[PDB]
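There is one chain below, alone, in structure tokens, taken in the form deposited in one PDB entry.
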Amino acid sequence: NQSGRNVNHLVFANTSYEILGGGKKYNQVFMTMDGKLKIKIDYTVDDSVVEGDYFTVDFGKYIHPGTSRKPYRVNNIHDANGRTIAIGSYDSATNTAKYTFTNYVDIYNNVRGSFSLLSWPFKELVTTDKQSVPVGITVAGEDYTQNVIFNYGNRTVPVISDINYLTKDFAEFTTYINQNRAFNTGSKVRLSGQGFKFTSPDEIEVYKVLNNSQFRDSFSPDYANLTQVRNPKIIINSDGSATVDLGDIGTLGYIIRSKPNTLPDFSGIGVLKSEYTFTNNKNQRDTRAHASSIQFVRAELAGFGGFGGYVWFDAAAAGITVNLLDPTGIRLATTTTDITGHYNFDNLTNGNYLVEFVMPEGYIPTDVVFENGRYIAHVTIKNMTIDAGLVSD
């Protein structure tokens, strides 16, 4: 069921891409040098659009909003003064963001603006370095396509590693061993990091390649078709690091898929490195290493919050209109109290909201304010209980 109608045909938009990161100079998204695809949308909305109406952004087959951090989300659209024009929600199943217009469009005419999204490719689709992909998206029912070259910087070296993705609890770390296919003995791999911790060998899996084609450049390999080691010699060190003992591998190539835990209340730059120590072709000890850094963006890692409460007559107050507002007074959502006088709003992005309780004619409450039969309370979400007692005037 819908809050409004599909108004793609009523939203007139122009879209463009900007390559960000360390690969700007090369016209490539450098996936290991902070690279990302920025999508910029300038838009006009027809005056016939009302609150609840929505337009869509279909991200197509190759990219998704957000970058390295899951779950993926889109932001609400605002005007120059921070008033919410549309609520943003993302569905991962269809790879589509929907923007539901607020009562802004009913207050203002000639609604104009622009918003931007940071995007990343699907590493299972965009697999190869220097691969030029037709990044085709649909904005307000209108297709936009531009070729974008992606590069992960996969080298035929003893050791290279990358962070596949990051969640609030863990990251997936991909380590490639002996892509150069040199004769190696006494091969040991050490996995360590800042903001990360290993607690069990269960969060590390070891795979053996049949040939170099299984070394996917995107560092998100096809694990279902890789040969997993049944007996991986894994030891969890006291410092929180882990050591994978591959043994005498010869010319064999290995993939290590690890899931290090995030440290609670960690702030700053997360680091994951793989240290590969071994004995080479000519019986000499060698050590190679590679490190990956990642920003712990809290707002892009936090799930979703919500709040609720009871409304009563100082007896439960049923069917009282409760509006969810942004701090500027724009309505984001509406509800009513149930038979027990309970209301709630869930799946809200972190930040500040206003709760508006609509008073029945001739009723008053009892910081908080009361204006023209409307009791407004401030709420911060990072649950929370907000109640309202009703008294006769």
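All residue numbers are counted from 1 along the displayed sequence. For the two forms, the rigid core is made up of the largest set of C-alpha atoms that agree within 1.5 Å on superposition.
There is another form of this protein, the form deposited in another entry, and it is not shown here; the text below is about that form.
- Lining up the core between this form and the one not shown shows that one residue from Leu125, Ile235, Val157, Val297 moves its Cα 2 Å or more, and that residue is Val297.
- Comparing the forms between this form and the one not shown, the C-alpha position of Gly52 differs by less than 2 angstroms, with the core used for superposition.
- When two forms of a protein are overlaid on their rigid core, residues whose CA moves 2 Å or more are considered shifted, and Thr321 is one of them between this form and the one not shown.
- Positional change of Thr340 between this form and the one not shown reaches 2 Å or more at the C-alpha, relative to the superposed core.
- The pair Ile137 and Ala299 is at least 3 angstroms farther apart at the CA level in the other form than in the present model.
- Relative to this form, the distance between the C-alpha atoms of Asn372 and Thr84 is reduced by at least 3 angstroms in the other form.
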